[PDB]
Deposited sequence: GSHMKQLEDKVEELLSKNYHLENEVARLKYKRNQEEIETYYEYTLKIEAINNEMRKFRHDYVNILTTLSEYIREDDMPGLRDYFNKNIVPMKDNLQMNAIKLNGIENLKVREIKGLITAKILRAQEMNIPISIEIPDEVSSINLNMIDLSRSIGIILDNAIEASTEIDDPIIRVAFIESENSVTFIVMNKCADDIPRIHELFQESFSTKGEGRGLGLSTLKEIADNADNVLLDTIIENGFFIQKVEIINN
């Protein structure tokens, strides 16, 4: 009767349970720790930023050495003095209060995204593709995990850069726009005469990520709006 029923049901239920626990032991012993791997990816994004910062610094310093060289070869002490007072004393001083003044890549306060854009600016500079950065306001935060935000931005700039190679007098423009409601990443490039799948995957698994495209008179636009939580 209902004792036997319930007792037989019990030995069944406990066997199911024993099965699912045996599966959880097996997953924890043998499948990859997704979380530990995500910590490792996030670490790689930091060290890429650090590497790309030091490369930009080397590129920048070489240009300062070129400029000084030129002044010296022109025998132009007035210019050298003016340039040193205006560019190299401030660089040495390195005052925080001069942060209110800086309005370009210097206002991107997410270290990992700043390094990533620094790399794309350097890649473009190698291939004689001019690249403007418009970040009028400081951008301290973006409501997307670092891994997806990183892949998204890099693919959009990879598109722009590949598209700029088959062209005379190209240009790429980049902007970060903060409202009260969202952060918006825009990339425009000049067009010729007319991967990106993993990017659509990301926008479709996020309700706050709106991916937009525009063809506007001999230049292509990619836009990502990210809404605050």
- Message: Going by C-alpha coordinates, which parts of the deposited sequence are missing from this model?
- Response: 195-215
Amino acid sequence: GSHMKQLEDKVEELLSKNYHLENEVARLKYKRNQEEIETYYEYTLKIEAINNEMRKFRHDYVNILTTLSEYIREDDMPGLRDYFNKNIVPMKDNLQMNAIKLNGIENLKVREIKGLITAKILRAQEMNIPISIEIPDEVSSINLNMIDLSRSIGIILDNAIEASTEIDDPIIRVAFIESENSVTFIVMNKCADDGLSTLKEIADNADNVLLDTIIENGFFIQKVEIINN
From here on, numbers count along this sequence of modelled residues.
- Item | Segment of higher mean CA temperature factor, 38-46 or 180-188 | 180-188
- Message: Highest mean C-alpha temperature factor of the two stretches 19-27 and 210-218, which is it?
- Response: 210-218
- Item | Which of 99, 88, 149, 155 ranks first by CA B-factor in the deposited coordinates | 99
- Task: Going by the CA temperature factor in the entry, name the top one among 175, 65, 196, 160.
- Result: 196
- Query: In terms of the chain's CA B-factor thirds, is residue 137 lowest, middle or highest?
  - Reply: highest
- According to the PDB entry, is the CA B factor of residue 164 in the bottom, middle or top third of its chain, that is, lowest, middle or highest? middle
- Query: What third of its chain, lowest, middle or highest, does the C-alpha temperature factor of residue 116 fall into?
  - Reply: lowest
- State the tercile, meaning the lowest, middle or highest third, of residue 32 with respect to the CA B-factors recorded for its chain. middle
- Message: Where does the C-alpha B-factor of residue 76 rank in its chain, lowest, middle or highest third?
- Response: lowest
